Amino acid sequence: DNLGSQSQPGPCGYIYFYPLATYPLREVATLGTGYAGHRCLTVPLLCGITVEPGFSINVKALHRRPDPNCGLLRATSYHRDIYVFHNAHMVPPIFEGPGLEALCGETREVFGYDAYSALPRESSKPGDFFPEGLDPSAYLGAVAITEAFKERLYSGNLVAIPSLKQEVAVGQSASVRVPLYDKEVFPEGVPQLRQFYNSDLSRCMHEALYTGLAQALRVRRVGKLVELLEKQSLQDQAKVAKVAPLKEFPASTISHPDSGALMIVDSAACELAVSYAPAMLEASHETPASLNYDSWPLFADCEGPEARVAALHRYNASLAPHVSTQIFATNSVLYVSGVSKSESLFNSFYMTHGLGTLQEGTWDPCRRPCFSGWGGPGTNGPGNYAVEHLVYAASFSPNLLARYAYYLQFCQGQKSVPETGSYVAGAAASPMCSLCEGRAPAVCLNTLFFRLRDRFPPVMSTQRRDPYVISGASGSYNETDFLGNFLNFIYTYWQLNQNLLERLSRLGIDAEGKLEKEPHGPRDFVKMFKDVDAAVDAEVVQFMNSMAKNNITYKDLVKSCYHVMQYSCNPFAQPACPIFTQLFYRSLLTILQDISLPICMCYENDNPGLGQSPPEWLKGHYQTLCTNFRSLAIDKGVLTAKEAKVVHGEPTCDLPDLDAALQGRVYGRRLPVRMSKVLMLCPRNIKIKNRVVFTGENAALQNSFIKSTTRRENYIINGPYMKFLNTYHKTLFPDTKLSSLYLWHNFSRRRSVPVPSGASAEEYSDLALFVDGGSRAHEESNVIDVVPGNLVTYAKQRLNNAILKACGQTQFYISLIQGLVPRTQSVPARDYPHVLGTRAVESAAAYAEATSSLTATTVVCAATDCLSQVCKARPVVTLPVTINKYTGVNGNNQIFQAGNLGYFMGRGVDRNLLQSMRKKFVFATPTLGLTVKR
Amino acid sequence: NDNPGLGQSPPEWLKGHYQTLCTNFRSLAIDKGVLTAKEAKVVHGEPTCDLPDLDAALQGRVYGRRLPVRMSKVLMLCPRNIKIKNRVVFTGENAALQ
Amino acid sequence: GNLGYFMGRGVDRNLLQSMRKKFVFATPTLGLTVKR
Amino acid sequence: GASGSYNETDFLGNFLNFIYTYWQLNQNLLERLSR
Amino acid sequence: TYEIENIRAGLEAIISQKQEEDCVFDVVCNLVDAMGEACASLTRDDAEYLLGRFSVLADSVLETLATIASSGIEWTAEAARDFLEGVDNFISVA
DNA sequence: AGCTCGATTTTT
DNA sequence: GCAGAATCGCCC
Ligand SMILES: [Zn+2]
């Protein structure tokens, strides 16, 4: 059985009405996409603030009555975002800077993109969709919509039924909801003005939802993409080719020696992404515990509304490095430029990136001229990234651009320049600004852009095979200890690590390395370590005895071990931000294209283009290519998904009489029902892999991995004890003037140690010999390139160096993954001008006076030495990936895939990345103790 | 099971589906435990070859020509073996057989 | 392709009456049509 | 029809056919029996 | 380069050469020269990045910068030395 | 009446 | 600039 079969009958969506007198408007604004002057905005779907507790995210939607006596049911999940469309001016903006709507409109035209075109009718008047007796001036109005019928919402084809109102509690607020049904539930018809339409809602979806999906396919005709997605949902067109006519190609593809095969592969990859991504998004999903806003731990110490709003701002700062990485990285998913051809045979077609390529003119599928290109434009100068490239990253949407600018306000400036206050009182106040007219100089988007200028990427026109950067929620089962997935199942490496934490608990050390009793002096400091060393060395024996008595080939199983991370495919598992909707959807569409490339190449090698255009070639071949993709993309090493059949148990169900309800009369009927679709494709995870052991076989690479053995002078200060010798310095050497670094470097060269005025000499001679002895033993034995910060990491390093020695792995360092974790800090506002608001600034002396008493919140990332404890906290992650493809072993001829962890491009991403083969990075923010309870 | 007959006769159903079913068979029948076969491309090295003048030979006159030549088919499916198996050891697990 | 059983009593007298014995007919070709 | 070149029809069939191999073990025994 | 890379390189160049004397006053003077009054709020996460390989030194740098901040001298390398330079037992081991 | 088996090559 | 890999599940 399955979650689809178990879901109940219901409507295609709801209109929610919230009372303005009691609803928490400043809280929802911190999670929203509001800009100054908006008429619509997006907010997340959350139980206890935007929907009532116990909301069903999975449903059977009643969408068609073939005659008045039969119903058809479609199984679908909800769409992740809620659209706020009536009295929306009552919700505060997320960003204060003026002029964004005109800037978006101008920039959409120079890139040749399609603007929203309104229907010839007016928007529905309040009295058409409001319940009986409620005052339209007293309420806030918003839509929740199912993933299968959201194009019908956009196109004005749903019907609202006010007589079927239900009263619901949303947090404290007494709210109301009205159901939405597709006009195909009325076979005799309803009048065209009786259907629900709002032009501001449809325009908001055009910009904030559909334009970014068009950018992910390299399509400009957004309105035609919405029309073909609607017909695919309502008329079962998944195996019919449909996007190929909308495609466009650059001069590097048209001039190519293999251009005819390249145009077919690029087109077929996009067709497959449009067939499969909507099906996986519509599927029935698990309900995460993070969807319940009133059980979020982050509020637990708050008293009153101001404390709750300030807690949400700290929560948002912890997510900002994920969002700013997708802006600053040259290889961001937002800058994917198309497909190109060389690499080995199955890698020969690949995904490309570059903003320079995205500015160029294009040609159509029949090699005729199409878009004519843009020549470019500001304060960053000629040939460099400009504010228009940030508008392009935000899909020309003022709602998305406002929330991007809000996250960029947490970022530090890095000068490669006028002082901040002489810029704000000077050139920012000029009447020439097309955004503020100089009348809001401290919050203006051009002021934020000027501050962050040297962190934006370069503008690229090349076609190299690089990794691309993805963002989203992690899955349940990550393998990120030092030997990754080594002996994960059959005792297991997981059980070995649990045994070590139990021994460390008997020594008074917790899972984060905190002591129940701090060391008193030299004897106690030596005693503390000798007990941990003996406890680790005891567990190595019991483990090596288990491997021996079972004849397990552990000495060869080390050679093939990988680190593993799971990228989740559930849309409801993502963090409660509307920018993460776009980052998740665009990551999924990109991964489906990259998986499809060799499948399309092998089919076209057998069935050549012979001078046909891609739309002609797809007309014959696409139905067969869908079935090859379903067989060869899934369970082959990257993507996992489960097929299922959906069934309804009863032959009839209790439903309202929709003909009576349209005339205002409410009573029940047992309508006969059957499913309009039976097959469902439930997505599970995308799997990311990194190889642990270099085996010396590739002779070009050895100099990056090789272990030296000669006796260095830095062996104590770069050894295993230096962080502890610093943490305990004031207890080891009471009131000494010396730095801990100089004391131990002086010992490392002169062989002498200071003895406190009443303390005993020989006690310190022993401390010195312990430090010397263990540091030389570590210099000889170590293949894990870490200086440990806590006793748990010290213990785990000692353990894994023992296993690698029993395997004969002594010549090379192993690969490492390091987590970059956000830390939030308050700083003086002098260089953070946005704290002044829309205020007029008249002089640099007044800017200095007004900022002198103020503080700004900022975020920096710190490197963890221990990724596996971060992975236990169910983190939000950002990482680079390449999907590599290869043949099977033992004479097999099938294609298999791996998603391999890669590198970030662009010097503005994070200062910890500023200069390797043997160290790779991931950004991580934990969710346990923020949105999920321990 | 995925593409049901819905009262169609087999010739009507095959008209839409058969080209896809050929490609499923090639992927799922070969190297899956009974039948083995190797796909290959066939190529001819020379652009012309030494052949009799067939127009003269039809009229009884015999002499050679270097006729330009190319392949009318390139893909070949070379069959290898069909494999027959018989289990050696009964493990006692199926209690009806012992 | 699992090895099975012959049906029909006329096939060969050695088959006239098991789970645990199976039969194949075989004629050698080395020393008949191919040289050792 | 005709049989192929590689048949495994000694008492334990394809047991240890590749990695000493069961084929090599049978060749060793025939050499001892030759002596 | 970013200016934070040049500060970091200049500190690793001092600490890798300073011998027979403790380095914290010469590191603090190079920070007060390069950042001036902005040292008064230098956080541990910024200090650890600037110290690079020698990030263990950060607590002693921050304790030293608080003495300059609280003693009310101006933020310049000349005043920093004038305050700091106005404001042991050792057994040998086998 | 008459096991269960993820599969390919290798080839003596 | 920045390896290599037949794959699925299982979840202690
Ligand atoms: Zn301005």
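Computation of the quantities below employed the complete heavy-atom set of this structure, encompassing side-chain atoms and omitting hydrogens, waters and symmetry-equivalent molecules. The sequence lines fix the lettering, A, B, ..., with proteins before strands; numbering per chain opens at 1.
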4.5 Å side-chain heavy-atom contact, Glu479(A) and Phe486(A): no

More than 12 heavy atoms of other groups within 6.0 Å of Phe25(C) CZ: yes

Heavy-atom side-chain proximity of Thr627(A) to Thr23(B) below 4.5 angstrom: no

Sugar-phosphate, base or nothing in reach of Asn893(A), heavy atoms under 4.0 Å: nothing

Interatomic distance where CG belongs to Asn485(A) and P belongs to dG9(G) [whole Å]: 13 Å

Distance-only side-chain donor-acceptor flag, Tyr6(D) / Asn81(B), under 3.5 Å: no

Side-chain-base donor-acceptor pair under 3.5 Å for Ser815(A) and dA3(G): yes

Residues from residues 496-504 of chain A lying under 4.0 Å of DNA chain F - heavy atoms: none

Where the sugar of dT9(F) falls when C1'-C2'-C3'-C4' decides north versus south: south

Quiz item: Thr492(A) side-chain donor-acceptor pair to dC12(G) base, under 3.5 Å: yes

Under-4.0 Å salt bridge between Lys919(A) and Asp785(A): no

Value in whole Å for how far the P atom of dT8(F) lies from CD of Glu39(B): 18 Å

Shortest side-chain distance from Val889(A), nucleotide among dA6(G), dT12(F), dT7(G): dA6(G)

Expected output: side-chain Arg9(C) to main-chain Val11(C) donor-acceptor under 3.5 Å: no

Protein-nucleotide distance (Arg87(B), atom CZ; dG2(F), atom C1'), rounded to Å: 16 Å

Base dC5(F) paired with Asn2(C) side chain (donor-acceptor, <3.5 Å): yes

Whole-Å gap separating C1' (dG6(F)) and CG (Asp635(A)): 13 Å

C1' gap between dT9(F) and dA6(G), integer Å: 14 Å

Flag for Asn890(A)-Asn892(A): side-chain donor and acceptor within less than 3.5 Å: no

Positions of residues 88-98 of chain B (non-hydrogen atom under 4.0 Å from DNA chain F), listed by number: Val88(B), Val89(B), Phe90(B), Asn94(B), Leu97(B)

Out of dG4(G), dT7(G), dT4(F), whichever nucleotide has its closest atom nearest the side chain of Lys689(A): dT7(G)

Bracket notation of DNA chain G in which parentheses pair within the strand, [ ] cross earlier pairs, and | pairs with another strand (Watson-Crick or G-U, under 3.5 Å): .....|||....

First of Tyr5(C) and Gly33(B) reached from the 5' end of DNA chain F, by closest nucleotide: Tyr5(C)

Given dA3(G), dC12(G), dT8(F), the nucleotide with the shortest approach to the side chain of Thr36(B): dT8(F)

From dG9(G), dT11(F), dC12(G), nucleotide with atom closest to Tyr6(D) side chain: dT11(F)

Short side-chain donor-acceptor distance under 3.5 Å, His353(A) and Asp466(A): yes

Member of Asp481(A), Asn478(A), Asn497(A) meeting the side-chain hydrogen bond (donor to acceptor under 3.5 Å, both in side chains) criterion with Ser868(A): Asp481(A)

Atom CD of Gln495(A) with >12 non-hydrogen neighbours under 6.0 angstrom: yes

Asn892(A) (side chain) and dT8(F) (base): donor-acceptor pair under 3.5 Å: yes

Sugar-phosphate, base or nothing in reach of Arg684(A), heavy atoms under 4.0 Å: sugar-phosphate

Closest to the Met19(C) side chain, choosing from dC12(G), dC3(F), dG9(G): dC3(F)

Residue whose closest nucleotide on DNA chain F lies nearer the 5' end, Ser5(D) versus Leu3(C): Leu3(C)

Whole-Å distance separating the CZ atom of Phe705(A) from the P atom of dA3(G): 9 Å

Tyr567(A) side chain vs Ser471(A) backbone, donor-acceptor pair below 3.5 Å: yes

Short side-chain to backbone donor-acceptor contact, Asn331(A) and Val469(A), under 3.5 Å: no

Centroid distance under 5.5 Å and plane angle under 30°, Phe489(A) vs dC11(G): no

Earlier contact from the 5' end, DNA chain G, for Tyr562(A) and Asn488(A): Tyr562(A)

Nearest-Å distance once atom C1' is located in both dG9(G) and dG6(F): 14 Å

Protein-nucleotide distance (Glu479(A), atom CD; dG9(G), atom P), rounded to Å: 11 Å

For atom NZ of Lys920(A) and atom P of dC2(G), their distance in whole Å: 11 Å

ring centroid sep under 5.5 Å plus plane angle under 30, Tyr886(A) with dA5(G): yes

Under-4.0 Å salt bridge between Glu539(A) and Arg503(A): yes

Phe896(A)-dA6(G) aromatic stacking (under 5.5 Å, under 30°): no

Exercise: do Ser337(A) and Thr352(A) side chains pair donor with acceptor under 3.5 Å: yes

For atom CZ of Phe904(A) and atom P of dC2(G), their distance in whole Å: 19 Å

